[PDB]
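For reference, the chain that follows is the form solved without the RNA, supplied as structure tokens.
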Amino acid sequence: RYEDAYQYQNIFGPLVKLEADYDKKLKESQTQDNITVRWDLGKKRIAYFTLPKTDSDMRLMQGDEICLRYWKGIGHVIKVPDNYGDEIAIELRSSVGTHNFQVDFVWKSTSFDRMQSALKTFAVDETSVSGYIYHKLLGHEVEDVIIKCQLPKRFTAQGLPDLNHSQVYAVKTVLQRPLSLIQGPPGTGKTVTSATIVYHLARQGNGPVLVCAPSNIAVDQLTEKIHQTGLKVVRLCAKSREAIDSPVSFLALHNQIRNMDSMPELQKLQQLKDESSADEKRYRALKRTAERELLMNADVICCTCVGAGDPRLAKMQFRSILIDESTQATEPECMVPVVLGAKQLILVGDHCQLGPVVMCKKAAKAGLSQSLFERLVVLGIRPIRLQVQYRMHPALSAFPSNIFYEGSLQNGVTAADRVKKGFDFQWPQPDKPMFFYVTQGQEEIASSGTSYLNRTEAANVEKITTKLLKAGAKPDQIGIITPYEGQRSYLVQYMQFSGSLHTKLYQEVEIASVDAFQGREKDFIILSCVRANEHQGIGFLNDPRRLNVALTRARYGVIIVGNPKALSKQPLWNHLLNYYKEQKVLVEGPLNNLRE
């Protein structure tokens, strides 16, 4: 609603300063006083130590820096808890210059420093955004601007699915306006549409197109679709994130640079570091020339929002910018890319899906909690909704459509098309591939830490896992969601033991929070709500958005396991339970029936 660029930086700036102070202090408060360690290896050394199972909102992910006290040595996170033996290892960069230590979580200001310098440029730099973007971002009243361009004859792109009418219209409209919003409800084909938009923006031959999303998962998913059109795609990664796998690692800058057959000397110097002084002077220099060569030549650059603040992008201007999953980001974050020269900006997302995590309630309250997306809807830009969904069986989409998309969501797959070829699993109701299983297990504190678990519910999950596999379900196609790290640990260990089938087969099923499932689909989803308490919840327990994602990840079937009584007290969780009972599904003790 603002009036000036300085009046803009004026408000957000002091209020990014709250996140930065809060989390820097919060960070220093998660120091572990005396965990046990062991000197291992893997030379890129690594292994290992175990840490109190404790869930959060910003959890430790690979891309975090750590320190070891009790001699003083730093290093970065190599191993993070997941269904292959939850423990933590870190690569010391000083090859140890035994065995009761102290662990610190190093605080990095980069995310915030960049957000800070973004706002500054929005103030100091006249060439940071187009006049029209400049005025509209500050909420000024401006006459609409038409973007000149040649509309393609086919709106579909090369190596991508064809578009329905809502997608076509999104593409067609987006390409002709300087600022656009596209709301993309679950499985409505957001990233296809976005990739289709990017393809067209790239065919305009007109520098690299910039493409971002607040999370790495989100970028990767979109990097994968854009690549499918054949465009030259460079995917920028946090220098910190370089050792991580993805379906698109080969597209990543650091890798493309490693495969530079045209640069001897750098190729040489690279082998040596695989093991200095004056060599460090020239390795950095050639690496920089390598980076700029690929970045300059890309059709498309894909990174995080904070990602776009990277020094390596210095002094590059991006005229077309598409940010997907914008709804998931704070304004200052989402703004980091924008200030790199935007003249055409496309924000994609859904405020009914994952929202921005703010740690400092105070900053949250006083204005850090709102998307750029949301703030613009408020300012009156009408998002284009993607109308059809292709992921789930109608009954599975019914409840989410009704709560979030005012029951308007079309179904692109008929009930016929969502019966699994070879499934031997008749459901409590012959029509609806869903149910709620009732469990009154005992709530308990973590075996080591402060998160929570539930033994009975967990027991119940594994049998539902087993039953499903036996009907013909593939392990890679089954998910299990739980709000607690507690229940996550316990699921991992337990799954293989009381599991009748082969031990690796369960070990092939993914147990994660909601964040790990963002934008991903599976054939079956199991929820573990794990509450027998009425005590305030954290996951999809007390967040509609978070819950929406959970209910909209499966193609063929969704099974919810929880205490209907201990969750009823929450305006959305009861609408859920009520709707289920009416749909003649809410059950007890397998080979079962209805419940009260």
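For clarity, a rigid core is taken as the largest C-alpha set superposing within 1.5 Å between two forms. All residue numbers refer to positions in the sequence shown, first residue = 1.
Is it true that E275 has no coordinates in a third or more of the other entries in the comparison?
-> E275: unmodelled in at least a third of the other compared entries.
Deposited-sequence gap flanked by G97 and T98 | Count of unmodelled residues in between: 4 to 9.
Length class of the unmodelled deposited segment, which would lie between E275 and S276 | Gap between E275 and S276: 4 to 9 unmodelled residues.
So which stretch wins on mean C-alpha B-factor, 359 to 367 or 496 to 504?
-> Comparing 359 to 367 with 496 to 504, the higher average CA B-factor belongs to 496 to 504.
Name the higher of the two by mean Cα B-factor in the PDB entry, 296 to 304 versus 152 to 160.
-> If you average the C-alpha B-factors of 296 to 304 and of 152 to 160, the larger mean comes out for 152 to 160.
Could you check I346, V234, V339, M434 and tell me which one carries the biggest Cα B-factor in the deposited entry?
-> Answer, based on the entry's C-alpha B-factors: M434.
Please place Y490 in the lowest, middle or highest third of its chain by C-alpha B factor as given in the entry.
-> According to the entry, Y490 has a C-alpha B-factor in the chain's middle third.
Using the B-factor values recorded in the entry, state whether the Cα atom of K79 falls in the lowest, middle or highest third among the modelled residues of its chain.
-> CA B-factor rank for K79: highest third.
Place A415 in the lowest, middle or highest third of its chain's C-alpha B-factors, as listed in the PDB entry.
-> Answer is highest: the recorded C-alpha B-factor places it there.
Just say lowest, middle or highest third for the CA B-factor of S451 relative to the other modelled residues in its chain.
-> Top third by C-alpha B-factor.
In terms of the chain's CA B-factor thirds, is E224 lowest, middle or highest?
-> Tercile = lowest for this residue's CA B-factor.
The same protein has a further form, the form solved in complex with the RNA, not shown here; the description that follows concerns it.
Is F373 close to the RNA in the deposited bound form, meaning a heavy atom pair under 4.5 Å apart or at it?
-> No, no contact at 4.5 Å.
Can you check whether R391 is within 4.5 Å of the RNA in the deposited bound form, heavy atom basis?
-> No - in the deposited bound form, heavy atoms of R391 and the RNA never come within 4.5 Å of each other.
Interface membership of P337, the RNA in the deposited bound form, 4.5 Å heavy atom rule | Flag for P337 set to no.
In the deposited bound form, does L26 have a heavy atom within 4.5 Å of the RNA?
-> Close contact exists here: in the deposited bound form, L26 approaches the RNA to within 4.5 Å, heavy atoms only.
In the deposited bound form, segment of 77 to 85, 282 to 290, 418 to 426, 449 to 457 with a heavy atom within 4.5 Å of the RNA | Going by heavy atoms within 4.5 Å, the stretch is 449 to 457.
Report yes if all three of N216, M359 and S513 come within 4.5 Å of the RNA in the deposited bound form by some heavy atom, otherwise no.
-> Yes, because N216, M359 and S513 each have a heavy atom that approaches the RNA to within 4.5 Å in the deposited bound form.
Looking at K432, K136, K225, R114, which is the one with a non-hydrogen atom within 4.5 Å of the RNA in the deposited bound form?
-> Residue within 4.5 Å of the partner: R114.
Using a 4.5 Å cut on heavy atoms, which of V145, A238, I381, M260 is close to the RNA in the deposited bound form?
-> By the 4.5 Å heavy-atom cutoff, the listed residue in contact is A238.
Listed options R258, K504, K239, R154; Cα moving by 2 angstroms or more between the shown form and the other one (core superposition) = Single hit from the list, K504.
Fitting the rigid core first, would the Cα of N460 be found 2 Å or more away between the shown form and the other one?
-> Yes, shifts by 2 Å or more.
C-alpha of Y22 moved at least 2 Å between the shown form and the other one on rigid core | Moves: no, less than 2 Å.
2 Å or more on the CA of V124 between the shown form and the other one, with the rigid core superposed, yes or no?
-> The answer is no, as the C-alpha of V124 shifts between the shown form and the other one by less than 2 Å after core alignment.
Might you say whether the CA atoms of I217 and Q496 end up closer or farther apart in the deposited bound form than in this form? Their distance differs by 3 Å or more.
-> Their C-alpha distance shrinks by at least 3 Å in the deposited bound form.
Looking in the deposited bound form, decide if the C-alpha atoms of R241 and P81 are closer or farther than in the form shown; they differ by 3 Å or more.
-> Compared with the shown chain, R241-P81 is farther in the deposited bound form.
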